[PDB]
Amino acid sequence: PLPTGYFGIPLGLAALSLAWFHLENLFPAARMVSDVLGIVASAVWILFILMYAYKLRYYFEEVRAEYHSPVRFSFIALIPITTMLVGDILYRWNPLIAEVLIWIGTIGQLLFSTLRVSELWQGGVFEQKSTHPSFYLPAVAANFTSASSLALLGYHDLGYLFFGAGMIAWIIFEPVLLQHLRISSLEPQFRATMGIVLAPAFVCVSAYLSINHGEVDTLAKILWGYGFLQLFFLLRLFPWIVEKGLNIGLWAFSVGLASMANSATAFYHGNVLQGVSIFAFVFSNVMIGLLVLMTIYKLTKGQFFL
């Protein structure tokens, strides 16, 4: 049974493909880098999708248990998220197939949250200790991904609806998450998921810039500011995050890292904080590069699949 969180791998790679794509007209060679990342992300996604279909057929009770868990359900949102991102990649080659994937992932994520996120409001299942960064995946990241994918298809006003859902959902959840983190020491087995705390502001601004035609305005700058604050906090926390050692869970950070890269291309194009933009783009690529190297290492020892 494939661990569902592994979908974070094609997610990070696919998002990074899209970042490089947005540099092609400033530096032509970026398109080849983008295409390579995009093909690799897509191949990995295909494999993981097939593996998850196998899980649904032969390990369905394992899926049922993860679905009904008030903590583990969130990782399932990675499936429609990555479906949309692979759609966004494939758009450069086949807009028809791209659009099919984008709608499948959009309907899928919205149905998923409507069924499961709402159900939590019945009480008595979710506990204080369930207040984990992973909740951002169905609640926030999935909506931002729909927003930017729909904008790609030309549905800007519908994209703004999904954008708003994600942005307000973020602001509404984060207050209780950070209070929980302050009071309760997140157990080491979950600590890598602190990397998801990097994501919201960067995924938000990336989606926003996708829908608003790359206009770097006051809202975009505001979001970058909080994003960088969180980055600095997580950098200071990193030795604690990895107290028990480096692990594959660190792909959690790739969501925010790839969105820092993507948004940086727009800041750069807009001639806003170009120095910060260069740093952000280089930093995020180096860190995802390290994730890839660590992953090849783990594969190189049979430490990847359970």
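Residue numbers run from 1 along the displayed sequence.
- On average the C-alpha atoms of 211 to 219 have higher B-factors than those of the other stretch, with 211 to 219 and 194 to 202 being the two compared.
- Stretches 21 to 29 and 292 to 300 differ in mean C-alpha B factor, with the higher average recorded for 292 to 300.
- Going by the entry's values, 50 shows the largest Cα B-factor out of 258, 50, 237, 266.
- Of the candidates 262, 247, 69, 254, the one whose C-alpha carries the top B factor in the deposited record is 247.
- When the modelled residues of the chain are ordered by C-alpha B-factor, residue 122 sits in the middle third.
- Looking at the C-alpha B-factors along this chain, the one for residue 174 belongs to the lowest third.
- Looking at the C-alpha B-factors along this chain, the one for residue 154 belongs to the highest third.
- In this PDB entry, residue 87 carries a Cα temperature factor that places it within the middle third of its chain's modelled residues.
- Among all modelled residues in its chain, residue 103 ranks in the middle third by Cα B-factor.
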